[PDB]
Amino acid sequence: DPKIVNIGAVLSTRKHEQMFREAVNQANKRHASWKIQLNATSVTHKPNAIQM
Amino acid sequence: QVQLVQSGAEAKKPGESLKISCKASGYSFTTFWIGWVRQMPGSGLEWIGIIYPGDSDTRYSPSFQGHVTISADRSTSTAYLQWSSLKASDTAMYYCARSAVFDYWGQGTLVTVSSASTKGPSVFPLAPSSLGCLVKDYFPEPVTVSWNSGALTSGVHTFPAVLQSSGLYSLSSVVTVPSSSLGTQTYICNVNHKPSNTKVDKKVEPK
Amino acid sequence: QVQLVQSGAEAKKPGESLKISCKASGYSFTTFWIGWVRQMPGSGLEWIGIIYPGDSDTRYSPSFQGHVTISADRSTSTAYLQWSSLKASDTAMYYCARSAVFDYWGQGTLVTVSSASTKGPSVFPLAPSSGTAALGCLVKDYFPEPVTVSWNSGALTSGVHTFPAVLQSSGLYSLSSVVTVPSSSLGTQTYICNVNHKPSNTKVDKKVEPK
Amino acid sequence: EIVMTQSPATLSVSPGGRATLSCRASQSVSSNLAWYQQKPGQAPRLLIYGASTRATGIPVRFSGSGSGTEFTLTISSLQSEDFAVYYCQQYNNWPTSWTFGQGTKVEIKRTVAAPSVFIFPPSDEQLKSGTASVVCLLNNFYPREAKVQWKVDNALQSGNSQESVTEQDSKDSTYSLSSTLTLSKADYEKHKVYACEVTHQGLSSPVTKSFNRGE
Amino acid sequence: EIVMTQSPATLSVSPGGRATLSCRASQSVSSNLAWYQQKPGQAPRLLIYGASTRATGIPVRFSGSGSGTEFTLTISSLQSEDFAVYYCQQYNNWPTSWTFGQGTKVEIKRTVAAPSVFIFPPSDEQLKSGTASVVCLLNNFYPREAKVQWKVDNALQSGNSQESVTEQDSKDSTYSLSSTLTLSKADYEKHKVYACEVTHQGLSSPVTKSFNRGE
């Protein structure tokens with residue numbers, strides 16, 4: 037059975053976030069899918085540093 | 073929690089085309105290499121195809137290249153399989169895989185292509201001398217059995233059905249009973265076949 | 269290629285003296301540190317004595333000195349075990365081992381010390397008629413343990429059973445040996461159960477027949 | 023493009039021994055492999071993938087080894103619930119190849135036994151349709167290898183008798199055999215003596231059960 | 023005069039697992055240890071001496087380790103014909119000490135099963151002697167926890183029956199209890215209905231094999 041891992045982090049814009057998601061889905065189809073899944077998350081930038 | 077319930081069994085006359093549905097649940101349908109596997113009666117296994125259900129990127133096997141119509145809906149998670157023609161001498165059973173190591177499998181779906189059609193089974197008795205019943209021409213398969221409406225359980229021997237040259241399925245149900253209860257017990261055999269919806273009870277007695 | 273056959277079973281009332289053997293074979297006798305160990309019912313094992321049979325050198329346990337005198341003899345290699353007298357609370361089984369890391373143990377020879385008297389075993393056959401094949405021989409009240417059973421002079425080993433006996437109401441013991449076999453063979457092969465109670469030297473053979 | 027050779031063709035062990043099977047590799051198929059169990063009338067399962075790792079929810083007895091050359095699994099202390107058909111299958115260039123094998127089969131072992139022979143004639147109901155069927159029943163025998171012969175008026179017949187063998191029962195590990203002789207009324211009325219003769223390793227002599235028409 | 027400590031007491035491993043039996047001394051014995059196995063109804067054997075070496079003709083599944091204290095023995099891939107009582111012993115001042123231990127007891131773990139039931143009435147020789155007994159026995163079930171009750175003349179009577187349980191068999195780990203009912207000739211003749219009641223998880227319903235007194 038698969039074990040979930042959650043790589044994925046800050047990008048620039050929403051289009052870039054969708055492109056990142058499609059890229060990780062492309063990276064799943066090759067080689068393993070029955071041991072590891074590695075779904076990905078995202079979040080966009082903010083001006084204030086401490087908020088980031 | 074993963075279930076791969078397939079479609080119910082069906083048999084067809086030669087020539088026509090058929091559809092098979094393998095419904096899925098419990099996981100993101102558009103992430104895993106769904107496939108299919110074949111099984112001929114009393115034989116080994118062979119691979120048919122596979123389809124990554126994210127962009128319908130299929131890769132057929134060289135054995136049946138350009139002969140089947142694999143496909144996969146994205147909405148209802150019901151990766152189908154469709155036939156074109158030439159499906160005459162291909163009676164077998166089919167399964168649907170999950171993930172290119174076959175972690176989860178489905179159920180039984182049998183395809184039988186033959187010229188004849190449905191025919192209610194005929195039952196005859198068989199009593200000893202110095203016991204059970206025989207059913208012939210049960211079509212299409214299968215046929216059930218219940219001795220005296222399932223009264224006795226031990227000693228029963230329902231042999232597997234066999235197809236004759238006349239395209240008829242044959243089965244036999246026998247049981248062993250003490251010789252001191254032959255004249256003191258009622259020997260009944262009940263057969264209920266959904267293929268023709270025939271429910272027959274035959275009483276067998278010694279000569 | 270070493271066998272350490274012991275002597276037969278023994279049962280006697282308190283007071284008398286005992287003598288049991290551990291005759292060896294297959295190796296140069298006067299070079300190995302023969303010893304003895306004792307096991308009472310369901311507690312484990314303990315050591316009693318040890319003897320080098322080349323100089324009759326001997327040693328004994330912290331608390332066993334003087335109760336039992338070990339011996340030896342270089343004519344048939346039999347290493348005896350002399351019992352002084354009485355020792356009523358000595359019902360146990362006694363093993364004789366070989367080489368101080370004990371390797372090649374022998375059989376068992378239980379010594380019974382009670383106040384009752386030995387009684388011959390009483391056998392009883394069983395008549396099978398059901399359609400499912402199973403039959404056996406029953407040993408009724410008898411004393412003392414142990415006793416051995418074997419079917420068709422040990423010509424059948426698969427499926428054999430032999431329960432532990434128990435004392436029901438009168439200080440005697442009862443046994444029950446059961447066995448199964450193909451059903452169709454019930455009326456075509458003759459069954460015999462062999463019973464041999466060593467204390468009373470009783471040996472009977474209750475042949476069984478279909479009901 | 024690679025042929026998997028599975029040996030032996032049919033093993034047999036006692037309930038408590040061990041097992042050792044083989045999937046001969048026609049090539050150096052990396053280190054990818056699988057091992058499948060299937061009981062009659064059911065959907066197979068997964069036991070070992072990669073030839074060395076156990077799938078979750080699989081008891082600890084099953085284990086295997088192999089390095090791209092005739093890998094092997096050893097079921098240790100085969101209990102009663104086991105002993106169905108097995109399969110080996112590789113996956114090296116995927117998705118391109120997906121080549122399965124043939125797989126061995128395991129059956130329980132037991133002491134020899136003798137069969138019970140029974141004969142059933144037509145019940146006059148099937149005979150009313152112009153067809154006659156004679157049934158020879160072999161009950162509770164071991165092992166499977168045995169021969170059944172039909173004698174029509176003490177004459178050997180071929181090509182008109184059918185045979186059926188059930189599956190090894192989980193309780194006593196035997197087999198049950200049925201042999202049917204089907205013919206027309208024209209052949210039935212031309213003969214009176216019918217005999218079913220069995221020969222079997224567990225039987226001292228070929229034993230025959232006979233009957234006569236209208237008796 | 024060296025006490026010995028052996029724990030645990032009733033280890034239970036699945037029939038492919040392992041074991042970690044322990045035997046801890048009371049002082050610092052450098053390397054003077056030995057391990058013993060004793061199957062029921064037999065005399066023990068030697069398998070390890072020196073706490074690390076193997077004896078002659080012993081499989082590779084066994085191996086030990088340790089010094090000073092906390093001696094360990096690890097059975098690898100526990101097969102079926104294990105389940106013997108184990109022992110550890112030490113020999114430092116020899117020959118003077120020879121102090122044994124108490125040792126653990128393995129017990130294989132199986133899958134639940136269902137027992138059959140057979141019965142036997144008197145044999146007309148015990149009846150002639152005036153002492154009657156009827157026995158009901160099971161076969162090849164698991165686990166041992168089961169309740170057997172009698173029924174004489176459709177009545178549950180006690181105080182005259184005895185039961186026996188063997189050790190786990192060495193091929194499939196199944197007990198087989200037996201029970202006996204003893205009564206005088208007149209007491210047996212006072213009734214004609216006899217049966218044994220069996221209650222267990224293996225069987226769906228408490229099957230009964232009644233005997234009708236008809237000689």
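Residue numbers (this note's numbering), protein chains in the order written: chain H, 37 to 88; chain D, 73 to 279; chain S, 269 to 479; chain G, 23 to 237; chain V, 23 to 237. We put the CB at the ideal spot given by N, CA and C, even for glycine.
With respect to the alpha helix (DSSP H) encompassing H/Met88, which residues constitute its N-terminal and C-terminal limits? Neither: H/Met88 is in no alpha helix (DSSP H) and is coded neither H nor E.
Taking the beta strand (DSSP E) that S/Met361 belongs to, which residues open and close that run? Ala360 to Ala365 is the span of the beta strand (DSSP E), which, as asked, contains S/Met361.
For the region 116-127 of chain D, which residues have a CB atom closer than 8 Å to at least one CB atom of chain G, in sequence order? Within the region 116-127 of chain D, the residues whose Cβ lies closer than 8 Å to some Cβ of chain G are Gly116, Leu117, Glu118, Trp119 and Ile122, listed in chain order.
Name, going along the chain, the residues of the region 445-464 of chain S whose beta-carbon falls closer than 9 Å to a beta-carbon of chain G. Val449, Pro450, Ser451, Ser452, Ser453 and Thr456
Taking the beta strand (DSSP E) that H/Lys65 belongs to, which residues open and close that run? No beta strand (DSSP E) holds H/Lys65; the alpha helix (DSSP H) holding it covers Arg50 to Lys65.
Restricting to runs no shorter than 4 residues, where is the alpha helix (DSSP H) found entirely within the region 73-122 of chain D? The qualifying runs do not exist here; there are none.
Mind listing which residues of the region 132-158 of chain G have their C-beta closer than 9 Å to chain S's C-betas, in chain order? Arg132, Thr133, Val134, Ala135, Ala136, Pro137 and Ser138
Can you check which of these residues, S/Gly303, S/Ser285, S/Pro396 and S/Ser324, is closest to S/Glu314 by C-alpha distance? S/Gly303
Does the CB of G/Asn114 have a neighbour CB from chain S at under 8 Å? no
9 Å Cβ cut-off: residues of chain G touching S/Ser426: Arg132 and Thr133
Exposed or buried, D/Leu158, counting other C-beta atoms within 10 Å across all chains shown (16 or more means buried)? exposed
Within 10 angstroms of its Cβ, does V/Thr133 collect 16 or more other Cβ (buried), or is it exposed? Around the beta carbon of V/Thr133, a 10 Å sphere encloses fewer than 16 other beta carbons of the protein chains shown; the residue is thus reported as exposed.
For G/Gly90 and G/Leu55, I'd like the C-alpha separation in whole angstroms. If I take the Cα positions, the gap works out to 9 Å.
Taking all protein chains shown into account, decide if S/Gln271 is buried (16 or more other Cβ within 10 angstroms of its Cβ) or exposed. Of the residues assessed, S/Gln271 falls on the exposed side of the cut-off, its CB having fewer than 16 other CB atoms within 10 angstroms.
Measure from the alpha carbon of S/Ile460 to the alpha carbon of each residue in S/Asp341, S/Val417, S/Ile338 and S/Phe332, then state which is nearest. Measuring C-alpha to C-alpha distances from S/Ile460 to each of S/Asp341, S/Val417, S/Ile338 and S/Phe332 identifies S/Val417 as the nearest.
Please classify D/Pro134: does DSSP put it in a helix, a strand, or coil? Helix, per DSSP.
Cβ of D/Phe211 within 8 Å of Cβ of G/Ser200? no
Helix, strand or coil at V/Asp209 according to DSSP, with G and I counted as helix: Three-state result, V/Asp209: helix.
From G/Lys193, G/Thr204, G/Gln190 and G/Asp194, residue whose alpha carbon lies closest to that of D/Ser238: For the residues G/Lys193, G/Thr204, G/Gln190 and G/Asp194, the minimum Cα distance to D/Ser238 belongs to G/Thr204.
Simplified DSSP state of S/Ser418, which is helix, strand or coil: strand
Please report the distance separating the alpha-carbon of V/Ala73 from that of V/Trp57. 8 Å
In chain V, which residues lie less than 7 Å from G/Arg83 when you measure between Cβ atoms? From the beta-carbon of G/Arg83, the residues of chain V found nearer than 7 Å are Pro37 and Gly38.
Which of the three DSSP states, helix, strand or coil, is assigned to G/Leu149? helix
From which residue to which residue does the beta strand (DSSP E) around V/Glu185 run? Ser183 to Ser186
Strand pairing of V/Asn162, partner residues [DSSP]: Partner(s): none; V/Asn162 has no beta bridge.
State yes or no: is the C-beta of G/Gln59 within less than 8 Å of the C-beta of G/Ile24? No; because the gap between Cβ atoms is not below 8 Å, this pair is not in contact.
What in chain D is Cβ-close to H/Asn64, meaning under 7 Å? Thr103
Any C-beta of chain D sitting closer than 8 Å to the C-beta of G/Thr27? Closer than 8 Å to the CB of G/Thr27 there is not a single CB belonging to chain D.
Please identify the residue among V/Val128, V/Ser119 and V/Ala41 whose C-alpha is closest to the C-alpha of V/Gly86. V/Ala41
Inter-residue Cα distance where the pair is D/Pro214 and D/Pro267: 7 Å
Do you know offhand how far V/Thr196's Cα is from V/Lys131's? 10 Å
In the DSSP assignment, the beta strand (DSSP E) including V/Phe140 goes from what residue to what residue? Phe140 to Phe142
Using a Cβ cut-off of 8 Å, pull out every chain D residue sitting near H/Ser69, in sequence order please. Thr103, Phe104, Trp105, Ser171 and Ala172
Taking only three categories from DSSP, how would you classify S/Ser452? Reduced to three states, the DSSP call for S/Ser452 is helix.
What residues from chain S crowd round G/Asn162, counting only those whose CB sits closer than 9 Å? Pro450, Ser451 and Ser452
Taking the continuous beta strand (DSSP E) assigned at D/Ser244, which residues delimit it? Counting along the chain, the unbroken beta strand (DSSP E) around D/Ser244 starts and ends at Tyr241 to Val246.
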